[PDB]
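Reading the structure
For reference, the chains in residue letters:
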Amino acid sequence: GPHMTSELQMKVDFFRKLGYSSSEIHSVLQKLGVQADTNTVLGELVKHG
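Residues numbered from 1 in each chain as written, not as in the entry; some residues may be left out. Heavy atoms only, no water.

Looking at the entry header, you'll see solution NMR listed as the method.

1. So, the overall build of the chain
Of the regular secondary structure elements, the chain holds 3 helices and 0 strands. Helices and strands appear in the chain in the N-to-C order α-α-α. With the principal axes as the frame, the chain shows a C-alpha extent of 40 × 20 × 15 Å. A buried classification covers 18% of the 49 residues belonging to the chain. (Helix = DSSP H or I, 4+ residues; strand = E, 2+ residues; numbered from the N terminus. Buried < 20%, exposed > 50% of the residue type's maximum accessible area, 1.4 Å probe, protein only.)

2. Section: the packing of aromatic side chains
Taken as a whole and assessed by the stated rule, the structure comprises 2 aromatic pairs. Taking 5.3 Å as the distance between ring centres and 75 degrees as the angle between the ring planes, the aromatic pair formed by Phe-14 and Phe-15 counts as edge-to-face. Judged by its relative accessible area of 43%, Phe-14 is partly exposed. Using a relative accessible area of 5% as the deciding quantity, one classes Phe-15 as buried. An aromatic cluster is defined as three or more aromatic residues linked by ring pairs; in this entry it consists of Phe-14, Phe-15 and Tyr-20. (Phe/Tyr/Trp six-rings, centres within 6.5 Å; stacked < 30°, edge-to-face > 60°.)

3. Thoughts on the packing of helix α1 (residues 7-18) against helix α2 (residues 22-32)
Closest axis-to-axis distance for the α1/α2 pair is 9 Å, and the angle between their directions is 145 degrees. Both α1 and α2 take part in a crossing whose hand is right-handed. Of the residues in α2, those in contact with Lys-11, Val-12, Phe-15 and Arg-16 of α1 are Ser-22, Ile-25, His-26 and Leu-29. Of the residues contributing to the contact of α1 with α2, the split by class is 4 nonpolar, 2 polar and 2 charged. (Axes fitted to C-alpha atoms, helices over the stretch in contact; angles between N-to-C directions. Left-handed = near helix turned anticlockwise from the far one by under 90°. Contact = heavy atoms within 4.5 Å. Nonpolar A, V, L, I, M, F, W, Y, C, P; charged D, E, K, R; others polar.)

4. A short note on the environment of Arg-16
Among the secondary structure elements, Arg-16 is positioned in helix α1. On the accessibility criterion, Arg-16 (43% relative accessible area) is partly exposed. Between the C-alpha atoms of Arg-16 and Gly-1, which are 15 residues apart in sequence, the distance is 25 Å. Not counting the four nearest positions on each side in its chain, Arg-16 is found in contact with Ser-22 and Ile-25.

Printed below as a string of structure tokens:
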């Protein structure tokens, strides 16, 4: 409850610090969702970005 870790959130906040764009991460994540993976995420940026 008080410490409800939002994995879905950290997923974006992570790459957000790597030096990417919020519109980029939030996008791929907005289309991928939770099914996405640490690999898929990177790939998306490798091509889209």
